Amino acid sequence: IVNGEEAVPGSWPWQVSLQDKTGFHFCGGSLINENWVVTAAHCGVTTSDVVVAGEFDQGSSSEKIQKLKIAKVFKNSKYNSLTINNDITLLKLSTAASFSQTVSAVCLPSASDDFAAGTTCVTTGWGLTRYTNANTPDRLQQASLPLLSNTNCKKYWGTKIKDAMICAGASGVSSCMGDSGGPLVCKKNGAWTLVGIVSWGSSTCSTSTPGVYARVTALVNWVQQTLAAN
């Protein structure tokens, strides 16, 4: 996240880090229950990657984190790597996470929910804080930012904006490399709800250009259908 700020430790308890088997972080994710994580299909997660829950500082020696194995990867079958549409993957964990004060789930919206353009939402992750930086930050970052209408978004991105996408930002902050898969949450009825999944944007992570997110309402039925069947 470019121009964001450090989060309070444990304040985004559903935020997970996807790491390879050596501990290298490449994408974010969100816990939606004890056995399942939602992330971006373009992250390219496999069953050798690991989910890390409860982390704040990746450079910390001591933190009580849970390193969970992935039993199964469910990539949405309509994902397309050129248009980057339907950018969503579900991970079924081989071992259930243990919820606690620093590890718990985000809510999912209903397919009919509506989040108005202009609402101030939040996105978190360990993505680059500058596109020219060599490494991802050790500490979780956060930024608040506005949602945009698809019509306003199209002013910046043209026909690249599809119905399963939602844009936010262009206000001094930006999701960036390594943030993908992480949450874009907005408050609904007292609870943070998952409205977007960090998906794509400009390779400079420009803060005057809107980031693009997978629109969870357009994809929640597929999520529910996959959870029911597996």
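Throughout, we count residues from 1 along the sequence that is shown.
Here 62 to 70 and 197 to 205 are compared by their mean Cα B-factor, and 62 to 70 comes out higher. Higher mean CA temperature factor between 185 to 193 and 44 to 52: 185 to 193, per the PDB entry. Listed residues 89, 123, 83, 110 were ranked by CA B-factor as deposited; 110 comes out on top. When the modelled residues of the chain are ordered by their C-alpha B factor, residue 13 lands in the lowest third.
The deposited CA B-factor of residue 34 belongs to the middle third of values across its chain.
Remark: residue 79 belongs to the lowest third of its chain, ranked by C-alpha B-factor as recorded.
Ranked within its chain, residue 145 lands in the highest third, by CA B factor from the PDB record.
Among all modelled residues in this chain, the alpha-carbon of residue 227 has a temperature factor (C-alpha) in the middle third.
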